[PDB]
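Enquirer: make a model of this:
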Amino acid sequence: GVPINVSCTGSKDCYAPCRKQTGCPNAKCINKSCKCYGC
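Expert: Numbers count the residues shown, from 1 in each chain. Next up is the structure itself:
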């Protein structure tokens, strides 16, 4: 699990951490937690 957990209220606010860290913005934006993963 990657420690780039973002609140899934702002999906875009998750996508930024996603791209920034893991490059490919595959964010698991679940209500509880958005997890930024690459491809």
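
Enquirer: from residue 30, how far out is the most centrally placed residue in the chain?
Expert: Nearest to the geometric centre of the chain sits residue 36, at 2.9 Å (C-alpha atoms, centre = their mean). Distance of residue 36 to residue 30, computed by C-beta to C-beta, to the nearest Å: 12 Å. C-betas here are computed from N, CA, C, even on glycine.

Enquirer: now do residue 15
Expert: Remark: distance between residue 15 and residue 30 (C-beta to C-beta) = 14 Å.

Enquirer: and residue 11, what does it touch?
Expert: Taking C-beta atoms under 8 Å, 6 or more residues apart in numbering, we find residue 11 in contact with 27, 29, 34.

Enquirer: same list (these) but as CSV, adding neighbour count and distance to residue 1.
Expert: Output for these, formatted as CSV (neighbours: other C-beta atoms under 10 Å; distance: C-beta to C-beta, whole Å):
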residue, neighbour count, distance to residue 1
27, 23, 13
29, 20, 15
34, 22, 13
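
Enquirer: now render these as JSON lines, adding distance to residue 10 and secondary structure.
Expert: Shown next, in JSON lines, are those (distance: C-beta to C-beta, whole Å; DSSP: H, G, I helix; E, B strand; the rest coil):
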{"residue": "27", "distance to residue 10": "11", "secondary structure": "strand"}
{"residue": "29", "distance to residue 10": "9", "secondary structure": "strand"}
{"residue": "34", "distance to residue 10": "9", "secondary structure": "strand"}
